[PDB]
Amino acid sequence: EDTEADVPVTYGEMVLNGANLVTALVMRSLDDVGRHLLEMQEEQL
Amino acid sequence: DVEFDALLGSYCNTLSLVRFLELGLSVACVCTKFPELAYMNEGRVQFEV
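Residues numbered from 1 in each chain as written, not as in the entry; some residues may be left out. Chains lettered and ligands numbered in written order. Part of a larger assembly, values for the part shown. Heavy atoms only, no water.

Going by the header, the method for this PDB entry is cryo-EM, and the resolution given is 3.75 Å.

Here it is in structure tokens:
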């Protein structure tokens, strides 16, 4: 029925969904541990 | 499924940093350091009585 077909080019990629939450700090209130998380989450988006 | 979270009420104490000069024992020393001791053979200390 046909000769010249179409073929995809670029490979499929992946995305990180979920991770262990692991951080640290060097003692700045005690909530900054929390705020730094959202920071380190906002990166992956 | 799997789940995750983080508290906001309680934070850990991982390290307990103990310095020797914070102790009361550091009287009984004379803590002078070399940055070169491994290069040294028999060193000597003199006394005149």
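Right, picking up where we left off after that structure.
S.K.: Kindly report on the overall build of chain B, identifying the contributing residues and their values.
M.R.: Within chain B one finds zero helices and zero strands. Along the first, second and third principal axes, the C-alpha atoms of chain B reach 75 × 30 × 15 Å. For chain B, the proportion of its 49 residues judged to be buried stands at 0%. Working note: accessible area of chain B is about 5900 Å², and carbon and sulfur atoms make up 55% of it. (Helix = DSSP H or I, 4+ residues; strand = E, 2+ residues; numbered from the N terminus. Buried < 20%, exposed > 50% of the residue type's maximum accessible area, 1.4 Å probe, protein only. Areas by Shrake-Rupley, 256 points an atom, 1.4 Å probe, with all protein chains shown as cover.)

S.K.: Describe the overall build of chain A, and please don't skip the residues or the numbers.
M.R.: Across its full length, chain A holds one helix and zero strands. Dimensions of chain A, computed from C-alpha atoms along their principal axes, come out at roughly 70 × 15 × 15 Å. Split into buried and exposed, the 45 residues of chain A put 4% on the buried side. With the model as given, the accessible surface of chain A reaches about 5100 Å², and the carbon-plus-sulfur share is 52%.

S.K.: For the interface of chain B and chain A, give the residues involved together with the corresponding values.
M.R.: Opposite the five residues of chain B that make contact, chain A presents eight residues. Area buried by chain B at its contact with chain A is led by B:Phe4, B:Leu8 and B:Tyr11, which between them contribute 77% of it. Linking chain B with chain A are zero salt bridges. Along the contact surface separating chain B from chain A lie one residue pair in polar contact. Residues of the side of chain B that touches chain A, tallied by class, amount to four nonpolar, no polar and one charged. (Contact = heavy atoms within 4.5 Å. Buried area = accessible area lost by both parts, 1.4 Å probe. Salt bridge = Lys/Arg side-chain N within 4 Å of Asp/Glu carboxyl O. Polar contact = N/O pair within 3.5 Å; in protein donor to acceptor, adjacent residues only side chain to side chain. Nonpolar A, V, L, I, M, F, W, Y, C, P; charged D, E, K, R; others polar.)

S.K.: Tell me what's going on with the pattern of salt bridges, and back it up with residues and numbers.
M.R.: Residue and element names in this part refer to chain B. Per the counting criterion, the structure on display carries one salt bridge over all chains. When the shortest N-O distance is used, the salt bridge between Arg44 and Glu42 registers 3.9 Å. What makes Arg44 exposed here is its relative accessible area of 75%.

S.K.: Which residues make up a negative patch on the surface, and what are the values?
M.R.: Among the surface-exposed residues, A:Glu1, A:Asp2, A:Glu4 and A:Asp6 lie close enough to one another that they form a single negatively charged patch. In this structure A:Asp2 comes out as exposed when scored by relative accessible area, which is 62%. (Patch = residues over 30% accessible without salt bridge, like charges linked within 9 Å, V, L, I, M, F, W, Y side chains within 5 Å. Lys, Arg positive; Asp, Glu negative; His and termini not counted. Charge placed at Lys NZ, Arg CZ, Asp CG, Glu CD.)

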